[PDB]
Every structure is written in C-alpha cells, then in structure tokens.
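The chain below stands alone and is given in structure tokens; this is the form deposited in one PDB entry.
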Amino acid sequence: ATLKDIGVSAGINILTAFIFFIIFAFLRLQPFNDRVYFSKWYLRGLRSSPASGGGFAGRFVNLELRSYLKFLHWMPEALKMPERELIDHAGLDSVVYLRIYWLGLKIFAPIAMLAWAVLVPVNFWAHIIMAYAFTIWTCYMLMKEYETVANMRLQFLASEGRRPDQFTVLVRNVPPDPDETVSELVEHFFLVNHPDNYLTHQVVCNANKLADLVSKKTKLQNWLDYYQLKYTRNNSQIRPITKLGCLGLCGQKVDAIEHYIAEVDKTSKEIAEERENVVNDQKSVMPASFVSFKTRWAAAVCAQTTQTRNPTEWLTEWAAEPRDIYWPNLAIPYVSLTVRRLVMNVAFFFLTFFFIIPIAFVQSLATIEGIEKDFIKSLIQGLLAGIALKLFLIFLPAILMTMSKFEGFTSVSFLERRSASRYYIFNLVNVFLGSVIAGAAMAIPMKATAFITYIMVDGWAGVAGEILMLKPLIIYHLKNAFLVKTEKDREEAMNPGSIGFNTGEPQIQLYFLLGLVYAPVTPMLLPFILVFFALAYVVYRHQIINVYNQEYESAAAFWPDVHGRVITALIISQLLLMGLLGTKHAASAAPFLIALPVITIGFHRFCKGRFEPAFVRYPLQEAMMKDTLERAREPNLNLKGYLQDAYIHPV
C-alpha cells in the first residue's frame, strides 16, 4: 500500500489505456470498420460509404503513423465541437450527461487542492473545517449546474420540433363499464371534461403475443438465412435441442434450411391469426389510452390536473415519445404494479447480499493468489482483484434492467433511470459501506488502496476500452460475414446504441461517492478520481459525436436524480466523519458535524423548489408560447392527422 506500489499499478493501467488507444488507432483507420467507429455520421446522413466508395485504403497497407498525435489526436478533436452544435447533433440528454463528468472536475479539483494543501502538508479540527468547505463547494457547484441544465432544458423544449408527445397524455386506469368500450368511455370523458381541446385518442391494446410472434419470425428467418446462404442447395443439417432454436448440432432434428422453412411459414400463419384476433376482440384493449389534444397547453393542463374524485382512476400523465414507449409493459394491469414493485424490491435485497459474498471473496482470492505466489506479486494480486470485480459487475446493469422492466415502467427513459437508481444502492452497500462489514459468508467503508485499484481499472483502463468498441465490432463483423445477403447495405447491423445511462451514470456516482466520503479523511483517492472524470469526458464526447445514437430525448429529465445522488453522497460523507471524529475528538466537534447535514438538506430543498420544477412540470406560459408561434408559422396544420396514428402499437 506504499506510494511505489500504487505508482507501479498506475503505470500498468496507464499503459493498458495507451495500448487500447494504439489498437483503436489501427482499427479506426481500417476502412471496413468505418460503420462501427463513425456510426453517428452515417445515421445523420453526413457520411456515405466506408471509404468514399467503400472499403479502400488506410488498412494494413499503411498501419498507423508512429508518433504521439497518431493515437491521441482524437482527443483534441473531440473537444472541438461547440456544445450548442452538439445539442443539435447528438441531443440534450447526451450533452448534459457529459456535464456530469465536468461537474466532477469542477467539484473535485478544488477540493483535491485543499486536501493536498491542508491535510498532507501538516500531516485536527482541520478535518472538520475541510468538511465544511468541501460541502459548501459541492453545493455551490450543484446549484449552479441545476440552474444551467434547467435553462438548457427550457430552451430546448421551446425550440424542439413537433413531437407527438407534446400534445398527448397517457390516461391510465379507465374505470370499466359494462355497456361502453374503453374508447367510448375515454372519448366521452374528454369531450365533457376537456371539451374545447380534446382532439383524438388511441386505446392501449395488448399486442404482446403478436409482437412476440413477429420477433420470432425475424429470428427464424435470420437464424437460417445464414444456413440458406452458407452455400445454398443442400446446406446445414444442424440439429439443436428443442427450446429456442439456438444451440446447433446438440439434439436430433437434422433436416435442412431456413430453420426448417415450415417454421417460418407456421409463424407467419400464427401471426395472421393473431392479427385478426387482437384487432377484433376488445379483450386485448387495456384500461388505458393515449389522449391527444389540440394544443400543448391543454395537454399540460390534463397532465398536471386531477380529473376525478377517485385518486386511482383516470390517471393522466404526459406521454412519452412513441419511440421511448416500452410497449410490453403497457399491457400490465395497474393492480399488479404494486406487487411487482415489492417483489423486485425484495429481490434487490437478496441480489445485494449474494454479491457481497463474491466481492469479499474477490478480495480474498487476491490474498489467496498472493499466498500461492514484492513489487510484481502485490501488483498483480491487486490488479487481478479489480479485474474480477469488473467482470462480476458488468453483469449487474442487465439484471437491474430486467428488474425494472418487471416493475412495469412504460418508457425506456424511466427504465434507465430506475436501473441507475438501483445501481446506486448496490454501490452504496456492496462497493462501499457494508461490503467487508458483511463479510464472514469499525471497518464499514472498506479501505483506500482497494478503491484506488478499482478506480484505475474500472475508470481508467475501462473507459479506454470503451473507445475500442469491441463487442459492437465483433457483432457487426459476424453479421456481415454470416447473415449478410445484401447488395450493399440492406443489412444494417451498424446499430451503435446509446450512452447507457443505466451503466455510465452509476459509475460516475460511485466515484462521486468515493471522492466525497474519503476526502475529509484521506486525500489519496482524489487524484485518481480526477483522471477518471477527465478521461471519461473526452472518451465519451468522442463517442457521443462519432458513435452513439440516442434512442430517446428526455431533455435532461434525469438531472434531478443525478443531483439527489450527489446530495446523498455529501450526507453520507458527513455522517462518516461524525463517526470518525465523533468518537471522542472534541465536545465542540459534535455540534459542527451535526449542522452540516442540516445545511445540506436545506440546500437540497431550496434546489428542489427553484430548479426542479423545470424538469417535473411544464409551465403553461411556455406551452402557450410554443402553440402560438407554431400556429403563426404553420397557420393550417392538421394535428389530427399527425397525432392519430402516432400511438398505435408498432406491430
């Protein structure tokens, strides 16, 4: 745990990152990897073909250009696009996600300077003085960013083009009537209670079975489009087990091509059948609808007003953009939502515990490998531990997403925000306070050196490996080698994906926690946490501009969540110092360290009353302004046309 030990591991992790950048340089120069490394430009119609014609030079013919700005030149170029241009290139969501990395640099750089000028040089009421200073600074910076992001969201919303969700609401829990269909009920309610501005509605149907059948047919056609063009004629005789196709030569059914072609044809038959049934039954129709209005002002009124005396019926909320709608969860009974949430809350409790064991044992196998085996030894025993941690936790965002989908959120945006909130609690317990303490199948917040190696593995070399985009590269390459069957591009496996708020934001928040909690005590984690923020800003800006494509636009609606998690980190820090310098210390240290959490909570409440309203409520003056200006620019728009078929199930 000496400076030299940490310095050796730092060099290793820095070299790994630089090696990743050298491989990135090579791979991005290859003309056949252009659609993976520059996918956003292809999606924005600003890039044409792999090499201005397709697959030409830049490859192994010239390898790379050995220097310094041959593998690190993408960095200054990622910082060139102005933020305004990036709001219109990528989106507001992505631009404000980048601002969380910048917030970290603005919060932790001054606090690291203070900790490396007060603590270490004179190495104590200074611990409590610094704690105050650190909290004041973090809060000032949080307030300034709450303001900026609120104003950005408001400007974006005012200039955003017509989207169907600006006029629509989702009415849920429409009370059942024996003589009226959901559609009739909905129409009548909104023609009597919102008489002047109701335009149209779209009842939610359960086309989940039909959707599943359509997806099966794509999988069945894709599965053996491969073995239909492996060599055509009499192709493969793969014989998997009977479950979901998959496997391959692990059962008995040899046969031939197109996933036994009859399979695709029988799926198509069941699709036709279900298409008739789901349209003609009214049993598929759910007690919910998507009600659209003539104005955005009216939709705002509906979204923020109570409709009936029963607080659980006619529940109106702003609808999501039709591309953000997670349609499978719109067919879940509202009654089940509460129980589903409870079941997933208790499964989350078990998940946490299960993982504590592996993490403690990750650190245990580190010591065990040490036993099995000086500089090198310690180095590897520590690094390997962090790699194990990373491997166990790359599997966490996916589990948390399935749990969020079970709970029943009907928007991809909200699912990603719930998954990020749950990951914070996992990180609060298992990657922090309650990990080594919950060992055995004083020492609550673990130890500095263990955390340092994780910051260097997950947040230095891990963020560098993100730029290499290996998983998407492999997938594209396998798709374009096996299931190609295209003249050129009718095979789009270029799908880049989004930033991954449910994965990326929890990482930022773990380093915000680590940084804030340890700062008054030790000043050692801070330098490593700062390199994360800077590297990640530049790697993610490059990826937001060149690769990732947003799947929704929430206009930074996640900011209240991000803010609240940094406030939590601040509070946890203060509480931990009231346990370190609360024991004995001074009698006057107690009132100081007890006022800090009160000030922080009061600040949070001020920010929730000044800046949070911009994210949770749409002002009616803003809505009216948008409406009036649109009705002047486009004096005659048929909004009924645009809004009617906007919320039909994609199938």
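Whichever C-alpha set is largest while still superposing within 1.5 Å between the two forms counts as the rigid core. Position 1 is the first residue in the sequence shown; the rest follow in order.
We do not show the form deposited in another entry, though everything after this point is about it.
With the core held fixed by superposition, the comparison between the shown form and the other one singles out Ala366 as the only member of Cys205, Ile508, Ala366, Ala556 whose CA moves by at least 2 angstroms. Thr242 is among the residues whose C-alpha shifts by 2 Å or more between the shown form and the other one once the rigid core is aligned. The Cα shift for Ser52 between the shown form and the other one, taken after rigid core superposition, is 2 angstroms or larger. With the core held fixed, the Cα of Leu391 is displaced between the shown form and the other one by 2 Å or more.
Compared with the form shown, the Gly564-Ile359 C-alpha separation increases in the other form, the change being 3 Å or greater. In the other form, the CA atoms of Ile6 and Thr367 move farther apart by at least 3 angstroms compared with the shown structure.
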